[PDB]
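*Asks:* Got a file for you: data.cif, mmCIF, C-alpha atoms and all ligand atoms.
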data_upload
#
loop_
_atom_site.label_atom_id
_atom_site.label_comp_id
_atom_site.auth_asym_id
_atom_site.auth_seq_id
_atom_site.Cartn_x
_atom_site.Cartn_y
_atom_site.Cartn_z
CA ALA Q 1 0.00 0.00 0.00
CA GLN Q 2 1.12 3.60 -0.50
CA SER Q 3 1.87 5.83 2.51
CA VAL Q 4 1.85 9.63 2.51
CA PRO Q 5 4.90 10.92 4.43
CA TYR Q 6 3.74 13.42 7.13
CA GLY Q 7 5.65 16.24 5.44
CA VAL Q 8 3.65 16.01 2.22
CA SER Q 9 0.40 16.53 4.17
CA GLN Q 10 2.01 19.15 6.41
CA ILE Q 11 2.56 21.45 3.44
CA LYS Q 12 -0.93 20.77 2.11
CA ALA Q 13 0.14 19.12 -1.16
CA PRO Q 14 -2.75 16.59 -1.22
CA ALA Q 15 -5.37 19.37 -1.53
CA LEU Q 16 -3.82 20.24 -4.87
CA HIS Q 17 -3.50 16.60 -5.94
CA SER Q 18 -7.23 16.23 -5.40
CA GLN Q 19 -7.79 19.09 -7.84
CA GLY Q 20 -5.76 17.45 -10.61
CA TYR Q 21 -2.57 19.48 -9.94
CA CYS Q 22 0.44 17.19 -9.55
CA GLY Q 23 3.23 19.05 -11.39
CA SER Q 24 2.71 17.54 -14.86
CA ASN Q 25 5.05 18.84 -17.52
CA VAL Q 26 7.22 20.69 -14.95
CA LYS Q 27 10.93 19.86 -15.22
CA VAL Q 28 12.64 19.54 -11.86
CA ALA Q 29 16.40 18.93 -11.58
CA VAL Q 30 17.69 17.22 -8.44
CA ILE Q 31 21.35 18.41 -8.26
CA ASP Q 32 22.72 15.76 -5.93
CA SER Q 33 24.26 12.25 -5.85
CA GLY Q 34 22.18 10.92 -8.82
CA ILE Q 35 18.81 9.09 -8.72
CA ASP Q 36 18.28 5.31 -8.84
CA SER Q 37 16.22 5.12 -12.04
CA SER Q 38 15.40 1.43 -11.31
CA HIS Q 39 13.29 2.35 -8.28
CA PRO Q 40 9.73 1.27 -8.89
CA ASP Q 41 8.32 4.41 -7.17
CA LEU Q 42 10.25 6.85 -9.37
CA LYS Q 43 10.12 7.92 -12.99
CA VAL Q 44 13.37 9.60 -14.11
CA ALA Q 45 13.02 11.49 -17.43
CA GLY Q 46 16.67 12.39 -18.03
CA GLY Q 47 19.77 13.89 -16.52
CA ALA Q 48 23.52 14.09 -16.63
CA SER Q 49 26.59 13.27 -14.61
CA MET Q 50 29.22 15.94 -13.92
CA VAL Q 51 31.38 13.55 -11.86
CA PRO Q 52 34.37 12.43 -13.94
CA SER Q 53 34.70 9.04 -12.25
CA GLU Q 54 30.94 8.26 -12.22
CA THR Q 55 29.45 8.69 -15.69
CA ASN Q 56 25.99 7.25 -15.08
CA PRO Q 57 23.67 9.75 -13.40
CA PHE Q 58 21.16 6.92 -12.79
CA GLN Q 59 23.34 5.06 -10.34
CA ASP Q 60 23.18 6.51 -6.82
CA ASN Q 61 25.91 5.01 -4.65
CA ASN Q 62 25.23 7.60 -1.98
CA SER Q 63 21.45 7.33 -1.54
CA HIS Q 64 20.75 11.01 -0.81
CA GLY Q 65 19.83 12.02 -4.34
CA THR Q 66 17.27 9.18 -4.56
CA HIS Q 67 15.81 10.22 -1.17
CA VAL Q 68 15.43 13.93 -2.17
CA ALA Q 69 13.97 12.86 -5.53
CA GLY Q 70 11.31 10.76 -3.81
CA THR Q 71 10.28 13.79 -1.74
CA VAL Q 72 9.92 15.79 -4.93
CA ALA Q 73 8.19 13.16 -7.04
CA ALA Q 74 7.61 9.59 -5.76
CA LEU Q 75 4.81 8.29 -7.93
CA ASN Q 76 1.18 8.17 -6.94
CA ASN Q 77 0.33 4.44 -7.21
CA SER Q 78 -0.27 1.55 -4.78
CA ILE Q 79 3.28 1.30 -3.51
CA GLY Q 80 5.79 3.09 -1.37
CA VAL Q 81 5.41 6.81 -0.73
CA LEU Q 82 4.02 9.92 -2.42
CA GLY Q 83 5.94 12.94 -3.74
CA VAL Q 84 4.88 16.58 -3.46
CA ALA Q 85 4.61 16.77 -7.28
CA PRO Q 86 4.15 13.11 -8.30
CA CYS Q 87 3.73 13.91 -12.02
CA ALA Q 88 6.78 16.15 -12.37
CA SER Q 89 9.47 15.32 -14.95
CA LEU Q 90 12.43 14.37 -12.82
CA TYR Q 91 16.04 14.92 -13.81
CA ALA Q 92 19.09 13.42 -12.09
CA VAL Q 93 22.03 15.90 -12.23
CA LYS Q 94 24.82 13.98 -10.48
CA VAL Q 95 27.43 16.29 -8.99
CA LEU Q 96 28.49 14.34 -5.88
CA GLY Q 97 30.42 11.07 -5.71
CA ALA Q 98 29.55 7.93 -3.72
CA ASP Q 99 31.14 9.52 -0.65
CA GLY Q 100 28.69 12.44 -0.95
CA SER Q 101 31.46 14.94 -1.77
CA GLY Q 102 31.88 17.00 -4.93
CA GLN Q 103 34.04 19.77 -6.39
CA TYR Q 104 32.52 23.21 -6.92
CA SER Q 105 33.31 22.98 -10.63
CA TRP Q 106 31.08 19.89 -10.78
CA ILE Q 107 28.23 21.61 -8.99
CA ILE Q 108 28.50 24.72 -11.17
CA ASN Q 109 28.64 22.60 -14.33
CA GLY Q 110 25.39 20.90 -13.22
CA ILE Q 111 23.67 24.29 -12.69
CA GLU Q 112 24.84 25.31 -16.19
CA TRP Q 113 23.47 22.02 -17.47
CA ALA Q 114 20.11 22.71 -15.84
CA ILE Q 115 19.81 26.16 -17.46
CA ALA Q 116 20.78 24.83 -20.91
CA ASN Q 117 18.21 22.01 -20.61
CA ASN Q 118 15.34 24.31 -19.61
CA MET Q 119 14.70 22.99 -16.09
CA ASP Q 120 11.79 24.88 -14.49
CA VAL Q 121 12.92 24.19 -10.93
CA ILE Q 122 16.35 23.38 -9.47
CA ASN Q 123 16.76 21.63 -6.08
CA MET Q 124 20.18 21.90 -4.42
CA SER Q 125 20.22 19.91 -1.15
CA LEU Q 126 23.88 20.81 -0.77
CA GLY Q 127 25.84 23.54 0.97
CA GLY Q 128 29.32 24.80 1.71
CA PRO Q 129 30.64 27.43 4.10
CA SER Q 130 32.15 29.48 1.25
CA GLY Q 131 30.93 30.71 -2.13
CA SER Q 132 32.65 31.90 -5.30
CA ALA Q 133 31.98 34.42 -8.05
CA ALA Q 134 31.29 31.48 -10.37
CA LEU Q 135 28.76 29.89 -8.00
CA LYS Q 136 26.94 33.22 -7.63
CA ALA Q 137 27.06 33.84 -11.39
CA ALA Q 138 25.46 30.45 -12.16
CA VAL Q 139 22.57 30.79 -9.68
CA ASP Q 140 22.01 34.38 -10.80
CA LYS Q 141 21.91 33.35 -14.47
CA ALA Q 142 19.44 30.54 -13.68
CA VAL Q 143 17.12 33.01 -11.94
CA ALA Q 144 17.53 35.54 -14.79
CA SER Q 145 16.60 32.72 -17.18
CA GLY Q 146 13.38 32.13 -15.25
CA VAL Q 147 14.39 29.09 -13.18
CA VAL Q 148 13.11 28.68 -9.57
CA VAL Q 149 16.24 27.85 -7.57
CA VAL Q 150 15.77 26.16 -4.18
CA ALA Q 151 18.50 25.24 -1.67
CA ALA Q 152 18.90 23.67 1.80
CA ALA Q 153 19.90 26.38 4.30
CA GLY Q 154 22.45 24.12 5.96
CA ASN Q 155 22.71 22.02 9.13
CA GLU Q 156 24.88 24.34 11.22
CA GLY Q 157 22.46 25.28 14.02
CA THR Q 158 23.19 28.48 15.98
CA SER Q 159 26.43 30.40 16.31
CA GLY Q 160 26.06 33.35 18.73
CA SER Q 161 24.40 36.05 16.61
CA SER Q 162 25.89 35.07 13.23
CA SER Q 163 24.21 33.68 10.08
CA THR Q 164 24.97 29.96 9.66
CA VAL Q 165 23.25 29.72 6.24
CA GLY Q 166 25.59 28.04 3.72
CA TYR Q 167 26.06 28.65 0.02
CA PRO Q 168 24.40 28.73 -2.37
CA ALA Q 169 21.38 29.22 -0.10
CA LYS Q 170 23.00 32.44 1.20
CA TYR Q 171 22.63 34.22 -2.16
CA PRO Q 172 19.59 36.45 -2.51
CA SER Q 173 18.47 34.88 -5.81
CA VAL Q 174 18.17 31.46 -4.15
CA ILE Q 175 15.32 30.34 -1.87
CA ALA Q 176 16.87 29.10 1.39
CA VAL Q 177 15.02 26.36 3.24
CA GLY Q 178 15.25 25.51 6.95
CA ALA Q 179 13.75 22.49 8.71
CA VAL Q 180 10.86 22.00 11.11
CA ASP Q 181 9.50 18.79 12.70
CA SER Q 182 5.88 17.61 12.63
CA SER Q 183 5.02 20.00 15.50
CA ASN Q 184 6.30 23.04 13.52
CA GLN Q 185 9.30 23.42 15.83
CA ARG Q 186 12.62 24.35 14.24
CA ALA Q 187 15.01 21.37 14.18
CA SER Q 188 18.03 22.15 16.39
CA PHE Q 189 20.42 21.53 13.48
CA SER Q 190 18.65 23.95 11.09
CA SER Q 191 20.89 26.83 9.99
CA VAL Q 192 19.76 30.39 10.89
CA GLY Q 193 20.27 33.92 9.59
CA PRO Q 194 18.58 36.78 7.77
CA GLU Q 195 18.97 34.78 4.51
CA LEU Q 196 16.52 32.06 5.65
CA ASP Q 197 13.36 32.27 3.52
CA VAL Q 198 11.01 29.45 4.38
CA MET Q 199 10.68 26.30 6.47
CA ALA Q 200 9.60 22.79 5.42
CA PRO Q 201 9.50 19.38 7.17
CA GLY Q 202 13.06 18.01 7.58
CA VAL Q 203 12.96 15.62 10.52
CA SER Q 204 12.61 11.83 10.04
CA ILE Q 205 11.49 12.30 6.42
CA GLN Q 206 10.49 8.95 4.81
CA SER Q 207 11.35 8.62 1.13
CA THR Q 208 12.80 6.31 -1.54
CA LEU Q 209 16.24 4.71 -1.24
CA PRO Q 210 18.23 2.80 -3.88
CA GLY Q 211 17.39 -0.87 -4.43
CA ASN Q 212 13.60 -0.63 -4.00
CA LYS Q 213 13.84 0.57 -0.37
CA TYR Q 214 12.33 3.35 1.74
CA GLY Q 215 13.77 5.01 4.88
CA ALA Q 216 13.91 8.22 6.88
CA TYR Q 217 16.57 10.95 6.70
CA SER Q 218 16.81 14.26 8.62
CA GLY Q 219 18.38 17.51 7.46
CA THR Q 220 17.66 20.73 5.61
CA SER Q 221 18.50 18.53 2.60
CA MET Q 222 15.13 16.80 3.21
CA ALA Q 223 13.34 20.15 3.71
CA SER Q 224 14.38 21.70 0.39
CA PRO Q 225 12.67 19.17 -1.95
CA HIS Q 226 9.32 19.94 -0.27
CA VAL Q 227 9.73 23.54 -1.53
CA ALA Q 228 11.06 22.46 -4.98
CA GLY Q 229 8.06 20.14 -5.24
CA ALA Q 230 5.73 22.94 -4.10
CA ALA Q 231 7.10 25.25 -6.82
CA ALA Q 232 6.29 22.45 -9.33
CA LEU Q 233 2.68 22.25 -8.14
CA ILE Q 234 2.23 26.02 -8.47
CA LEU Q 235 3.70 25.94 -11.99
CA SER Q 236 1.28 23.16 -12.93
CA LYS Q 237 -1.63 25.44 -11.91
CA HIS Q 238 -0.15 28.72 -13.20
CA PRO Q 239 2.07 27.92 -16.15
CA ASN Q 240 2.60 31.59 -16.99
CA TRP Q 241 3.76 32.73 -13.52
CA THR Q 242 7.38 33.89 -13.48
CA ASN Q 243 9.87 32.41 -11.00
CA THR Q 244 9.48 35.74 -9.11
CA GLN Q 245 5.73 35.25 -8.75
CA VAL Q 246 6.20 31.64 -7.60
CA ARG Q 247 8.74 32.72 -4.99
CA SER Q 248 6.63 35.63 -3.71
CA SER Q 249 3.55 33.43 -3.47
CA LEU Q 250 5.41 30.80 -1.41
CA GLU Q 251 6.92 33.39 0.92
CA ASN Q 252 3.75 35.50 1.29
CA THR Q 253 1.31 32.72 2.23
CA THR Q 254 3.34 30.91 4.90
CA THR Q 255 2.08 29.94 8.32
CA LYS Q 256 4.15 32.36 10.49
CA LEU Q 257 6.20 30.70 13.22
CA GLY Q 258 8.85 32.37 15.44
CA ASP Q 259 11.41 35.03 14.53
CA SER Q 260 12.49 35.30 10.89
CA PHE Q 261 16.14 34.75 11.85
CA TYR Q 262 15.18 31.19 12.89
CA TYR Q 263 12.10 30.43 10.74
CA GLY Q 264 12.30 32.92 7.83
CA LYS Q 265 8.75 33.71 6.67
CA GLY Q 266 7.45 30.48 8.30
CA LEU Q 267 6.13 27.13 7.04
CA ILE Q 268 5.12 26.94 3.39
CA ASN Q 269 1.49 26.19 2.55
CA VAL Q 270 1.17 25.23 -1.14
CA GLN Q 271 -2.64 25.33 -1.01
CA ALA Q 272 -2.58 29.02 -0.01
CA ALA Q 273 0.37 29.70 -2.34
CA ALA Q 274 -1.49 28.20 -5.29
CA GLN Q 275 -4.48 30.65 -5.21
CA CA Q 301 4.13 5.59 -4.59
CA CA Q 302 19.06 32.95 -0.51
#
The structure given in the file should be rewritten as structure tokens.
Ligand SMILES: [Ca+2]
Ligand SMILES: [Ca+2]

*Replies:*
Amino acid sequence: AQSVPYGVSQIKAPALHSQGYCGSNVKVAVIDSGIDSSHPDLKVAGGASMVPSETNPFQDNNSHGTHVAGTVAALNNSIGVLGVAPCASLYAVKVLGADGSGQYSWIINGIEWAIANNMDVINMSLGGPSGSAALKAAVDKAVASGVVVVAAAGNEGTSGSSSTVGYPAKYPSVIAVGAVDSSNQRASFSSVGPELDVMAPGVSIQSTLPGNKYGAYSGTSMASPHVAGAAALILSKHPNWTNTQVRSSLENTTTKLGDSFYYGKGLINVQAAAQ
């Protein structure tokens, strides 16, 4: 039987599904460790590998990319779980190796790939403590080209009064996503700062794993795909909205939580955001 992970319901995705909005024809790129295309609960449309020693983007030796991808778009059927945008066209852009590490050049190449291939939405469940002119240039170009760019804020918790948001989330053009639990409380690991935009479920998130498995992961990496997926639903309802409109709608219709330094605008609500 199919289970709906708490997080999907928490963001109010199912209300849209009921309406016939499931992200059809929206191209979402998961820029991560690849996606196991053999998983029965996933449909991968395409992709690319930027990792020189791992040329198949459809082999995920890490497991994270498959897990993020399931949050975005696990199929609606009689097995496994359910994605936020179960009809989205899913792309594996492999930029991390089996060890879950990657060079910046690989990440940037993958963003460039996404722009060139007309992705509507980019999900980056990755982060580093430092940026670069090239990393900023790529995200900025994607946004100027009409792409919704979503990133995990980072898992650095608090640091006195400083921003612990990593890059690329830290850049203004990117939506930065922090993590809450099922009670709407901020996860202790969730990065903080003025650059935090929105919150999404990121604790004990059930999703797909390689080899026809399912399991729970925690992190802002798990929170981000809920927003990427939410962007895909909105785009399925309002195909002519610009990335700017999608972003503003998500940020403006949140359920407000605590201070913006810790929760940004609050918890997304796709039902409200979809109008
Ligand atoms: Ca399923
Ligand atoms: Ca940002």

*Asks:* So, counting all atoms listed in the file, which residue among Q:209, Q:200, Q:114, Q:122 is closest to residue 168 (chain Q)?

*Replies:*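 Looking only at the distances to residue 168 (chain Q), the closest residue turns out to be Q:122.
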
*Asks:* Dump the neighbourhood of ligand CA 301 (chain Q) as a ChimeraX atom specification: all residues within 8 Å, distances computed on all atoms listed in the file.

*Replies:* /Q:2-3,41-42,74-83

*Asks:* Within 8 Å of ligand CA 302 (chain Q), which residues show up when you count all atoms listed in the file? List them as a compact mmCIF listing (two decimals) with C-alpha atoms, keeping the file's coordinate frame, please.

*Replies:*
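result-v1.txt was written with the following content:
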# COMPACT_ATOMS: atom_id res chain seq x y z
CA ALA Q 151 18.50 25.24 -1.67
CA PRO Q 168 24.40 28.73 -2.37
CA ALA Q 169 21.38 29.22 -0.10
CA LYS Q 170 23.00 32.44 1.20
CA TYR Q 171 22.63 34.22 -2.16
CA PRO Q 172 19.59 36.45 -2.51
CA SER Q 173 18.47 34.88 -5.81
CA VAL Q 174 18.17 31.46 -4.15
CA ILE Q 175 15.32 30.34 -1.87
CA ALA Q 176 16.87 29.10 1.39
CA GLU Q 195 18.97 34.78 4.51
CA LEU Q 196 16.52 32.06 5.65
CA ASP Q 197 13.36 32.27 3.52

*Asks:* Write out as a ChimeraX atom specification each polymer residue whose atoms come within 8 Å of region 258-266 of chain Q, counting all atoms listed in the file; drop sequence neighbours fewer than 6 positions from it.

*Replies:* /Q:178,186,191-199,251-252

*Asks:* Kindly indicate which residue among Q:202, Q:211, Q:117, Q:181 lies nearest to residue 35 (chain Q), using all atoms listed in the file for the distances.

*Replies:* Q:211

*Asks:* Ranking Q:49, Q:248, Q:271, Q:218 by minimum distance to residue 30 (chain Q) and counting all atoms listed in the file, which one comes first?

*Replies:*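 So, comparing all the options, the nearest one is Q:49.
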
*Asks:* With distances taken over all atoms listed in the file, which of Q:107, Q:216, Q:8, Q:124 is nearest to residue 86 (chain Q)?

*Replies:*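 Going through Q:107, Q:216, Q:8, Q:124 one by one, the smallest distance to residue 86 (chain Q) is for Q:8.
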
*Asks:* Tell me which protein, DNA and RNA residues are within 6 Å of residue 90 (chain Q), counting all atoms listed in the file, leaving out same-chain ones fewer than 3 positions away, and put them as a PyMOL selection string.

*Replies:* chain Q and resi 28+44-45

*Asks:* Let me have the centre and edge lengths in Å, one decimal, of the box along x, y and z around every listed atom of region 169-186 of chain Q with 5 Å of margin on each side, as AutoDock Vina command-line options.

*Replies:*
--center_x 14.0 --center_y 27.0 --center_z 5.0 --size_x 28.0 --size_y 28.8 --size_z 31.6

*Asks:* Compare Q:183, Q:103, Q:84, Q:98 by their minimum atom-to-atom distance to residue 15 (chain Q), counting only C-alpha atoms, and give me the closest one.

*Replies:*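 Checking each of Q:183, Q:103, Q:84, Q:98 against residue 15 (chain Q), counting only C-alpha atoms, the winner is Q:84.
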
*Asks:* If you count all atoms listed in the file, which residues fall within 10 Å of residue 132 (chain Q), apart from same-chain ones fewer than 5 positions away, as a PyMOL selection string?

*Replies:* chain Q and resi 104+137+167-168

*Asks:* For region 221-229 of chain Q, work out the shell of residues within 6 Å, counting only C-alpha atoms and skipping chain neighbours fewer than 6 positions away, then give it as an NGL selection string.

*Replies:* :Q and (68 or 71-72 or 84-85 or 123 or 125 or 151-152 or 177 or 179 or 200-202)

*Asks:* Do you have the CA of residue 69 (chain Q)-CA of residue 37 (chain Q) distance handy?

*Replies:*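 Computing it gives 10.4 Å between the two atoms.
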
*Asks:* Set the distance at 10 Å and use only C-alpha atoms: which residues neighbour residue 236 (chain Q) once local chain neighbours fewer than 6 positions away are removed? I'd like the list as a PyMOL selection string.

*Replies:* chain Q and resi 16+20-26+85+87-88+230+274

*Asks:* Counting all atoms listed in the file, which of Q:210, Q:154, Q:166, Q:205 gets nearest to residue 34 (chain Q)?

*Replies:*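 The shortest atom-to-atom distance to residue 34 (chain Q) comes from Q:210.
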
*Asks:* Report, in Å with one decimal, the straight-line distance from CA of residue 231 (chain Q) to CA of residue 246 (chain Q).

*Replies:* 6.5 Å

*Asks:* Just to confirm, what's the straight-line distance from CA of residue 134 (chain Q) to CA of residue 106 (chain Q) in Å (one decimal)?

*Replies:*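 Result for CA of residue 134 (chain Q) versus CA of residue 106 (chain Q): 11.6 Å, one decimal.
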
*Asks:* Using the partial input, fill out region 108-127 of chain Q with N, CA and C atoms; write the result as a PDB file, in the coordinates of the input.

*Replies:*
ATOM      1  N   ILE Q 108      28.802  23.590 -10.253  1.00  0.00           N
ATOM      2  CA  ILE Q 108      28.500  24.720 -11.170  1.00  0.00           C
ATOM      3  C   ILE Q 108      28.160  24.204 -12.560  1.00  0.00           C
ATOM      4  N   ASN Q 109      28.901  23.223 -13.021  1.00  0.00           N
ATOM      5  CA  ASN Q 109      28.640  22.600 -14.330  1.00  0.00           C
ATOM      6  C   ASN Q 109      27.207  22.085 -14.358  1.00  0.00           C
ATOM      7  N   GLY Q 110      26.751  21.477 -13.285  1.00  0.00           N
ATOM      8  CA  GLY Q 110      25.390  20.900 -13.220  1.00  0.00           C
ATOM      9  C   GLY Q 110      24.355  22.002 -13.291  1.00  0.00           C
ATOM     10  N   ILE Q 111      24.653  23.161 -12.619  1.00  0.00           N
ATOM     11  CA  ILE Q 111      23.670  24.290 -12.690  1.00  0.00           C
ATOM     12  C   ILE Q 111      23.614  24.746 -14.171  1.00  0.00           C
ATOM     13  N   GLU Q 112      24.797  24.884 -14.763  1.00  0.00           N
ATOM     14  CA  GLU Q 112      24.840  25.310 -16.190  1.00  0.00           C
ATOM     15  C   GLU Q 112      24.082  24.349 -17.071  1.00  0.00           C
ATOM     16  N   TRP Q 113      24.228  23.050 -16.710  1.00  0.00           N
ATOM     17  CA  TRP Q 113      23.470  22.020 -17.470  1.00  0.00           C
ATOM     18  C   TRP Q 113      21.983  22.266 -17.314  1.00  0.00           C
ATOM     19  N   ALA Q 114      21.536  22.489 -16.075  1.00  0.00           N
ATOM     20  CA  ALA Q 114      20.110  22.710 -15.840  1.00  0.00           C
ATOM     21  C   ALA Q 114      19.539  23.863 -16.630  1.00  0.00           C
ATOM     22  N   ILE Q 115      20.259  24.985 -16.745  1.00  0.00           N
ATOM     23  CA  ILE Q 115      19.810  26.160 -17.460  1.00  0.00           C
ATOM     24  C   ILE Q 115      19.674  25.815 -18.978  1.00  0.00           C
ATOM     25  N   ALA Q 116      20.713  25.211 -19.503  1.00  0.00           N
ATOM     26  CA  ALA Q 116      20.780  24.830 -20.910  1.00  0.00           C
ATOM     27  C   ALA Q 116      19.677  23.855 -21.303  1.00  0.00           C
ATOM     28  N   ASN Q 117      19.250  23.027 -20.396  1.00  0.00           N
ATOM     29  CA  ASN Q 117      18.210  22.010 -20.610  1.00  0.00           C
ATOM     30  C   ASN Q 117      16.823  22.419 -20.195  1.00  0.00           C
ATOM     31  N   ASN Q 118      16.644  23.719 -19.899  1.00  0.00           N
ATOM     32  CA  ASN Q 118      15.340  24.310 -19.610  1.00  0.00           C
ATOM     33  C   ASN Q 118      14.624  23.687 -18.415  1.00  0.00           C
ATOM     34  N   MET Q 119      15.346  23.508 -17.319  1.00  0.00           N
ATOM     35  CA  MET Q 119      14.700  22.990 -16.090  1.00  0.00           C
ATOM     36  C   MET Q 119      13.816  24.184 -15.584  1.00  0.00           C
ATOM     37  N   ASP Q 120      12.697  23.836 -15.040  1.00  0.00           N
ATOM     38  CA  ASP Q 120      11.790  24.880 -14.490  1.00  0.00           C
ATOM     39  C   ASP Q 120      12.196  25.187 -13.043  1.00  0.00           C
ATOM     40  N   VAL Q 121      12.565  24.153 -12.333  1.00  0.00           N
ATOM     41  CA  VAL Q 121      12.920  24.190 -10.930  1.00  0.00           C
ATOM     42  C   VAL Q 121      14.235  23.455 -10.674  1.00  0.00           C
ATOM     43  N   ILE Q 122      15.119  24.053  -9.876  1.00  0.00           N
ATOM     44  CA  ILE Q 122      16.350  23.380  -9.470  1.00  0.00           C
ATOM     45  C   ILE Q 122      16.293  23.111  -7.969  1.00  0.00           C
ATOM     46  N   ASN Q 123      16.646  21.970  -7.509  1.00  0.00           N
ATOM     47  CA  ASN Q 123      16.760  21.630  -6.080  1.00  0.00           C
ATOM     48  C   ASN Q 123      18.247  21.348  -5.793  1.00  0.00           C
ATOM     49  N   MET Q 124      18.790  22.120  -4.871  1.00  0.00           N
ATOM     50  CA  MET Q 124      20.180  21.900  -4.420  1.00  0.00           C
ATOM     51  C   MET Q 124      20.160  21.628  -2.915  1.00  0.00           C
ATOM     52  N   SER Q 125      20.153  20.366  -2.547  1.00  0.00           N
ATOM     53  CA  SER Q 125      20.220  19.910  -1.150  1.00  0.00           C
ATOM     54  C   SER Q 125      21.695  19.679  -0.814  1.00  0.00           C
ATOM     55  N   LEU Q 126      22.460  20.722  -0.957  1.00  0.00           N
ATOM     56  CA  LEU Q 126      23.880  20.810  -0.770  1.00  0.00           C
ATOM     57  C   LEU Q 126      24.250  22.186  -0.251  1.00  0.00           C
ATOM     58  N   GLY Q 127      25.430  22.231   0.364  1.00  0.00           N
ATOM     59  CA  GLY Q 127      25.840  23.540   0.970  1.00  0.00           C
ATOM     60  C   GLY Q 127      27.290  23.474   1.366  1.00  0.00           C
TER      61      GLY Q 127
END
